[PDB]
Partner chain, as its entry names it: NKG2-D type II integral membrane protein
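Just the one chain here, laid out as structure tokens, in the form solved without its partner chain.
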């Protein structure tokens, strides 16, 4: 089986934001994004002109459209994990949310970054990158790695 996982992290320091995305293919990091630049972290992805600019746009859209309020605490770390899996000709998916490292699932009746993050993250990502896209990318990436001169 194979997995393509995306780890979205938004760090809120006062009013400034630092965003990161790490992409893992079968538990190997292949792509990293630091808010401004996207980069390959594995040889077969070096020189890629198809996935890198695509993800760069997706990741930028994901973070820039998040409607945040001013933080009460000096630091807030918001995590959104998304993974698709293709095993035995079967497509499965998994996602979760972390606030300062801690998983949470329940939406509350107050206007906080923690709540907005939980409420909008999946919907926001799926606008440019849904499960079907993830599976296609996954299978395409697996083949690309196998066919690569590395």
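Numbering follows the first chain given and starts at 1.
The same protein also exists as the form solved in complex with its partner chain; that form is not shown, yet it is the one meant from here on.
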| item | value |
| --- | --- |
| Proximity to its partner chain in the deposited complex (heavy atom, within 4.5 Å), stretch among 35 to 43, 77 to 85, 50 to 58, 97 to 105 | 50 to 58 |
| Distance check, residue 16 to its partner chain in the deposited complex, heavy atom within 4.5 Å | no |
| Its partner chain contact at residue 67 in the deposited complex, heavy atom, 4.5 Å | yes |
| Partner contact for residue 143 in the deposited complex: its partner chain, 4.5 angstroms, heavy atom | yes |
| Heavy atom of residue 93 within 4.5 Å of its partner chain in the deposited complex | no |
